[PDB]
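Novice: This is run_2.cif, which holds mmCIF, C-alpha atoms and all ligand atoms:
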```
data_query
#
loop_
_atom_site.label_atom_id
_atom_site.label_comp_id
_atom_site.auth_asym_id
_atom_site.auth_seq_id
_atom_site.Cartn_x
_atom_site.Cartn_y
_atom_site.Cartn_z
CA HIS A 1 11.16 164.18 5.39
CA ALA A 2 12.80 167.60 5.72
CA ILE A 3 15.12 169.61 7.97
CA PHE A 4 14.94 173.30 8.87
CA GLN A 5 18.62 174.02 8.36
CA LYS A 6 19.16 177.72 7.58
CA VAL A 7 17.95 181.12 8.82
CA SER A 8 17.58 184.39 6.90
CA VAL A 9 17.17 187.82 8.51
CA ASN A 10 15.44 190.38 6.26
CA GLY A 11 16.77 188.33 3.33
CA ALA A 12 20.28 188.04 4.79
CA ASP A 13 21.22 184.35 4.46
CA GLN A 14 22.82 183.57 7.84
CA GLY A 15 24.48 180.40 6.51
CA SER A 16 23.84 176.64 6.50
CA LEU A 17 23.15 175.65 10.12
CA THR A 18 24.58 178.92 11.50
CA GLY A 19 23.29 178.98 15.08
CA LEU A 20 21.12 175.89 14.54
CA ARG A 21 20.27 172.96 16.78
CA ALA A 22 19.06 170.64 14.02
CA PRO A 23 18.78 166.86 13.36
CA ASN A 24 21.31 164.92 11.28
CA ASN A 25 18.58 162.84 9.62
CA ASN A 26 15.22 163.86 8.16
CA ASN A 27 13.12 161.20 9.93
CA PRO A 28 9.84 162.36 11.58
CA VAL A 29 9.36 162.74 15.33
CA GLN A 30 5.98 161.17 16.12
CA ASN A 31 5.89 160.78 19.92
CA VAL A 32 4.63 164.17 21.13
CA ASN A 33 5.94 163.40 24.63
CA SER A 34 9.50 162.77 23.38
CA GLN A 35 12.28 165.27 24.17
CA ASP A 36 12.94 165.23 20.42
CA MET A 37 9.82 167.41 20.14
CA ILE A 38 11.70 170.52 21.33
CA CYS A 39 14.37 171.08 18.65
CA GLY A 40 13.88 167.82 16.75
CA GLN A 41 16.32 164.94 17.24
CA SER A 42 19.81 165.64 18.57
CA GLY A 43 22.56 166.12 16.00
CA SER A 44 24.04 169.37 14.69
CA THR A 45 24.60 172.20 17.17
CA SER A 46 26.25 175.61 16.73
CA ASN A 47 28.05 178.33 18.70
CA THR A 48 26.60 181.25 16.73
CA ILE A 49 23.76 183.36 18.15
CA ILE A 50 21.98 185.13 15.29
CA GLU A 51 21.70 188.88 15.93
CA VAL A 52 18.15 189.99 15.09
CA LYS A 53 16.05 193.08 15.82
CA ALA A 54 12.50 192.92 17.19
CA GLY A 55 10.35 193.25 14.06
CA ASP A 56 12.75 191.55 11.63
CA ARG A 57 11.57 189.21 8.85
CA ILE A 58 12.77 185.71 9.74
CA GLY A 59 12.90 183.14 6.94
CA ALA A 60 13.34 179.47 7.90
CA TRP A 61 14.64 177.13 5.20
CA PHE A 62 13.40 173.53 5.11
CA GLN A 63 15.03 171.09 2.66
CA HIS A 64 14.79 167.34 2.06
CA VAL A 65 18.32 166.69 3.34
CA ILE A 66 21.11 168.76 4.89
CA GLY A 67 22.57 170.60 1.90
CA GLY A 68 19.23 170.62 0.08
CA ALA A 69 18.00 168.10 -2.50
CA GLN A 70 19.06 164.47 -2.05
CA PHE A 71 19.60 164.04 -5.81
CA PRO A 72 18.92 165.94 -9.10
CA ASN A 73 15.19 166.47 -9.70
CA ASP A 74 14.29 165.36 -6.17
CA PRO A 75 10.44 165.30 -6.05
CA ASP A 76 10.45 165.49 -2.24
CA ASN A 77 12.51 168.69 -2.03
CA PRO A 78 11.83 170.83 -0.11
CA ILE A 79 9.23 168.36 1.18
CA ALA A 80 6.95 165.77 -0.42
CA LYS A 81 3.67 167.23 -1.71
CA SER A 82 1.75 164.62 0.27
CA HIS A 83 3.04 166.14 3.59
CA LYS A 84 0.11 168.57 3.98
CA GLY A 85 -0.10 170.37 7.20
CA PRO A 86 0.53 173.56 9.27
CA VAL A 87 3.83 175.22 10.16
CA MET A 88 4.35 176.83 13.57
CA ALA A 89 6.91 179.07 15.30
CA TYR A 90 7.67 179.37 19.02
CA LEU A 91 10.04 181.45 21.16
CA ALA A 92 11.65 180.72 24.54
CA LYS A 93 13.69 183.14 26.66
CA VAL A 94 17.12 181.91 27.78
CA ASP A 95 20.21 183.45 29.38
CA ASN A 96 22.65 182.07 26.80
CA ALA A 97 21.26 180.43 23.66
CA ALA A 98 24.48 178.51 22.95
CA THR A 99 24.73 176.81 26.36
CA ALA A 100 21.09 176.67 27.49
CA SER A 101 19.52 173.23 27.89
CA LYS A 102 16.52 172.69 25.60
CA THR A 103 14.66 171.17 28.57
CA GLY A 104 12.22 172.99 30.87
CA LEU A 105 11.93 176.17 28.77
CA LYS A 106 8.78 178.32 28.82
CA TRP A 107 7.66 178.42 25.18
CA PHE A 108 5.22 180.81 23.52
CA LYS A 109 3.90 180.75 19.94
CA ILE A 110 4.51 183.82 17.78
CA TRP A 111 3.35 182.63 14.35
CA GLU A 112 1.52 179.87 12.47
CA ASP A 113 0.55 179.22 8.86
CA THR A 114 -2.14 176.56 9.29
CA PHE A 115 -4.90 175.88 6.74
CA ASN A 116 -7.09 177.95 4.40
CA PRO A 117 -10.51 176.24 3.90
CA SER A 118 -11.43 178.37 0.87
CA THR A 119 -8.26 178.06 -1.21
CA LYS A 120 -7.51 174.56 0.11
CA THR A 121 -3.91 175.42 1.04
CA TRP A 122 -1.68 174.37 3.95
CA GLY A 123 1.43 175.82 5.60
CA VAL A 124 3.51 173.16 3.83
CA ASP A 125 2.00 174.21 0.49
CA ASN A 126 3.41 177.70 1.04
CA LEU A 127 6.66 176.10 2.26
CA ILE A 128 7.01 174.33 -1.11
CA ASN A 129 5.86 177.38 -3.09
CA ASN A 130 8.60 179.37 -1.33
CA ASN A 131 11.28 176.82 -2.31
CA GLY A 132 11.60 175.57 1.28
CA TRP A 133 11.50 178.97 2.99
CA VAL A 134 8.91 180.10 5.54
CA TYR A 135 8.76 183.81 6.37
CA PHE A 136 7.36 185.56 9.44
CA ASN A 137 8.11 188.66 11.53
CA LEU A 138 9.55 188.54 15.05
CA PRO A 139 7.04 190.43 17.29
CA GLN A 140 7.90 194.07 18.02
CA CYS A 141 7.04 193.93 21.71
CA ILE A 142 9.34 191.10 22.88
CA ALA A 143 12.06 191.97 25.40
CA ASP A 144 15.74 192.13 24.41
CA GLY A 145 18.15 189.21 24.78
CA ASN A 146 18.64 185.54 23.94
CA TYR A 147 15.90 183.28 22.58
CA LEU A 148 15.46 179.87 20.97
CA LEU A 149 13.36 180.24 17.80
CA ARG A 150 11.57 176.94 17.19
CA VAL A 151 10.06 176.43 13.73
CA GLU A 152 8.01 173.26 13.25
CA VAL A 153 6.33 171.54 10.30
CA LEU A 154 3.44 169.20 11.13
CA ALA A 155 2.67 166.74 8.31
CA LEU A 156 -0.73 165.06 8.61
CA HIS A 157 -0.83 162.58 5.66
CA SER A 158 -0.90 159.55 7.99
CA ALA A 159 -2.22 161.51 10.98
CA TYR A 160 -5.61 159.78 10.72
CA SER A 161 -4.03 157.09 12.93
CA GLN A 162 -2.98 157.61 16.56
CA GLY A 163 0.63 158.81 16.88
CA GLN A 164 1.08 158.78 13.08
CA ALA A 165 1.28 162.57 12.67
CA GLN A 166 4.78 163.73 11.71
CA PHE A 167 6.72 166.59 13.31
CA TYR A 168 9.80 168.20 11.69
CA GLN A 169 11.72 170.57 13.98
CA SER A 170 14.86 172.66 14.52
CA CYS A 171 15.94 175.61 16.69
CA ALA A 172 17.71 178.83 15.73
CA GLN A 173 19.79 180.31 18.57
CA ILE A 174 18.99 184.03 18.38
CA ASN A 175 19.45 187.33 20.22
CA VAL A 176 16.94 190.19 20.03
CA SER A 177 17.79 193.91 19.94
CA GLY A 178 15.56 197.01 19.85
CA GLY A 179 12.72 195.25 21.67
CA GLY A 180 9.86 196.18 24.01
CA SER A 181 8.52 194.98 27.38
CA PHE A 182 6.27 192.02 26.50
CA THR A 183 6.32 189.04 28.83
CA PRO A 184 3.97 186.25 27.60
CA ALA A 185 0.47 186.14 29.12
CA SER A 186 0.93 182.36 29.26
CA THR A 187 3.54 179.76 28.27
CA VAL A 188 3.54 176.07 27.30
CA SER A 189 5.95 173.23 28.12
CA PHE A 190 7.72 171.14 25.49
CA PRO A 191 7.25 168.26 25.60
CA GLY A 192 3.74 168.66 27.05
CA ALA A 193 1.78 171.28 25.08
CA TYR A 194 0.56 168.79 22.46
CA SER A 195 -1.79 165.90 23.23
CA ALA A 196 -1.71 163.04 20.72
CA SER A 197 -5.53 162.99 20.53
CA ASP A 198 -5.74 166.69 19.60
CA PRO A 199 -8.00 167.87 16.72
CA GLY A 200 -4.86 168.99 14.87
CA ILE A 201 -2.73 165.89 15.51
CA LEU A 202 -5.18 162.98 15.32
CA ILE A 203 -7.16 163.91 12.21
CA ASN A 204 -8.23 162.58 8.81
CA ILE A 205 -7.57 165.27 6.20
CA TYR A 206 -8.83 163.32 3.17
CA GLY A 207 -12.03 164.19 1.30
CA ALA A 208 -14.43 162.15 -0.85
CA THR A 209 -12.20 161.53 -3.88
CA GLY A 210 -9.21 161.21 -1.51
CA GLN A 211 -7.73 164.70 -1.98
CA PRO A 212 -6.14 166.17 1.21
CA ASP A 213 -8.61 169.06 1.52
CA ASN A 214 -9.94 168.31 5.02
CA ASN A 215 -13.36 168.49 3.33
CA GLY A 216 -12.88 172.27 3.26
CA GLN A 217 -13.18 172.36 7.07
CA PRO A 218 -11.30 174.78 9.40
CA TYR A 219 -8.15 173.24 10.86
CA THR A 220 -7.41 173.68 14.58
CA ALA A 221 -3.64 173.93 15.13
CA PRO A 222 -2.11 172.36 18.29
CA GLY A 223 -0.62 174.40 21.14
CA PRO A 224 -1.51 177.99 22.16
CA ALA A 225 -2.79 180.79 19.92
CA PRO A 226 -0.04 183.10 18.51
CA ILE A 227 0.69 186.15 20.69
CA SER A 228 -0.11 189.78 19.84
CA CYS A 229 1.49 193.12 20.76
CU CU B 1 8.23 162.51 5.33
#
```
Just give me the structure as C-alpha cells.

Specialist:
Amino acid sequence: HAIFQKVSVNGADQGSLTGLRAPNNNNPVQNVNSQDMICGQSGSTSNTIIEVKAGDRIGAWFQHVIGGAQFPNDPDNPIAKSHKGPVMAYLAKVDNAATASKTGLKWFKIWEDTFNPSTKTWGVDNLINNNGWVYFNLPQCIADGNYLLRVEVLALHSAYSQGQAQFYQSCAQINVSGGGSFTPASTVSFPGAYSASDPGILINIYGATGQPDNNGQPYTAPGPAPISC
C-alpha cells in the first residue's frame, strides 16, 4: 500500500506531486487489463512538466500515504516488508504531457530492479532500504521533448493466486533536453502488455520455511526487456 508521489532530478527534490498523475488512495490495482494500470487510479493531476536532461538520475519516491507515513513509527512506510517484488520504469512519447490522454500511448521500458537470486533481494527491498526512493538514469539516446515517466511497484505476496498480484503506479509528466535520436525498436500497450498468467504475475515466491525467497530462482519480470543505447 504505497504511492509514488514525488520526483527528484540528480537529487533535486521536485516537490510533492509536482507534475504527477498519482492516485488519491494507496489501494492496489490488480486487474492488469484495467485502465488504472497506466498511471494507477485517477486522482491527483498536475500542470508542471519536469525539465530533465537525457542521462539525468531520476529518483521516484514511494510512501505509504500521500505526505509519507500514515502515523508515527509506521511499519508499512515506505511499503510493508511483505510486499516483495520488482520495480519497473516505462517511458511514452507525447506532444504535451499535461494535456495528453493516458490512453493509447506507445510505452517502452527503460529500467527495472527485479530480483537477485544470490542475495535474495527484490526491487521493493531496495525501495525500503532507500527510504522510499528508487533511482535510475534516463537513457542518453532518447529524443528530446515530452514524455510520461511511469514507475511501477509489483508486489507478489499474494500473487500465488490468479489476479492477486498487486500493482502500485504513478506517472511523472516530464520533458527531455540534450537527447539523441533513439526511437524504440518495439513498444507495448497499456493496458495490454501484461498477461495475468505471466511467470512474473502469477507466481508463488515462498520457499520451504515460508520465506519469500522464490526458492533462490531467477525472476522473470513482466513486459518487454529494458532498452539500450
Ligand atoms: Cu499493500

Novice: Name each residue within 7 Å of ligand CU 1 (chain B), counting all atoms listed in the file, as a PyMOL selection string.

Specialist: chain A and resi 1-2+27-28+80+83

Novice: With distances taken over only C-alpha atoms, which residue among A:178, A:200, A:78, A:85 lies nearest residue A:26?

Specialist: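 When distances to residue A:26 are compared using only C-alpha atoms, the smallest one comes from A:78.
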
Novice: Can you sort out the box for stretch 57-62 of chain A, edges along x, y and z, all listed atoms in, 8 Å on every side, with centre and edge lengths in Å to one decimal, as AutoDock Vina command-line options?

Specialist:
```
--center_x 13.1 --center_y 181.4 --center_z 7.4 --size_x 19.1 --size_y 31.7 --size_z 20.6
```

Novice: Go through A:163, A:132, A:23, A:15 and flag the residue nearest residue A:76, using only C-alpha atoms for the distances.

Specialist: A:132

Novice: So which residues touch residue A:51 within 10 Å, counting all atoms listed in the file, skipping near sequence neighbours fewer than 3 positions away, as a list in words?

Specialist: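 Listed by chain and then number, they are residues 9, 14, 48, 145, 146, 173, 174, 175, 176 and 177 of chain A.
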
Novice: When distances are computed from all atoms listed in the file, which of A:186, A:162, A:25, A:10 shows the smallest separation from residue A:70?

Specialist: A:25

Novice: Report, in Å to a single decimal, how far apart atom CA of residue A:73 and atom CA of residue A:40 are.

Specialist: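 If I compute the distance from atom CA of residue A:40 to atom CA of residue A:73, I get 26.5 Å.
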
Novice: Write out as a Markdown table the residues of stretch 169-226 of chain A that have any atom within 10 Å of an atom of stretch 133-139 of chain A, one row each with the nearest atom pair and its distance in Å to one decimal, counting all atoms listed in the file, sorted by chain and then rising number.

Specialist:
```
| residue | atom | partner | partner_atom | distance |
| --- | --- | --- | --- | --- |
| A:176 | CA | A:138 | CA | 9.1 |
| A:179 | CA | A:139 | CA | 8.6 |
| A:180 | CA | A:139 | CA | 9.3 |
| A:182 | CA | A:139 | CA | 9.4 |
```

Novice: Counting only C-alpha atoms, note down every residue that has an atom within 12 Å of the point (-9.7, 166.5, 13.1) (file coordinates), as a PyMOL selection string.

Specialist: chain A and resi 85+156+159-162+165+196-206+213-222

Novice: Would you work out the distance separating atom CA of residue A:21 from atom CA of residue A:92, expressed in Å to one decimal?

Specialist: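 Atom-to-atom, atom CA of residue A:21 to atom CA of residue A:92, that is 14.0 Å.
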
Novice: Suppose you want the space between atom CA of residue A:45 and atom CA of residue A:4; what is it in Å?

Specialist: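 Taking atom CA of residue A:45 and atom CA of residue A:4, their separation equals 12.8 Å.
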
Novice: So, with only C-alpha atoms as the atoms that count, which of A:90, A:108, A:122, A:194 lies closest to residue A:151?

Specialist: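 So, comparing all the options, the nearest one is A:90.
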
Novice: Considering only C-alpha atoms, return as a ChimeraX atom specification whatever protein or nucleic-acid residues lie within 7 Å of residue A:19, sequence-local ones (same chain, fewer than 6 positions apart) excluded.

Specialist: /A:46-50,172-173
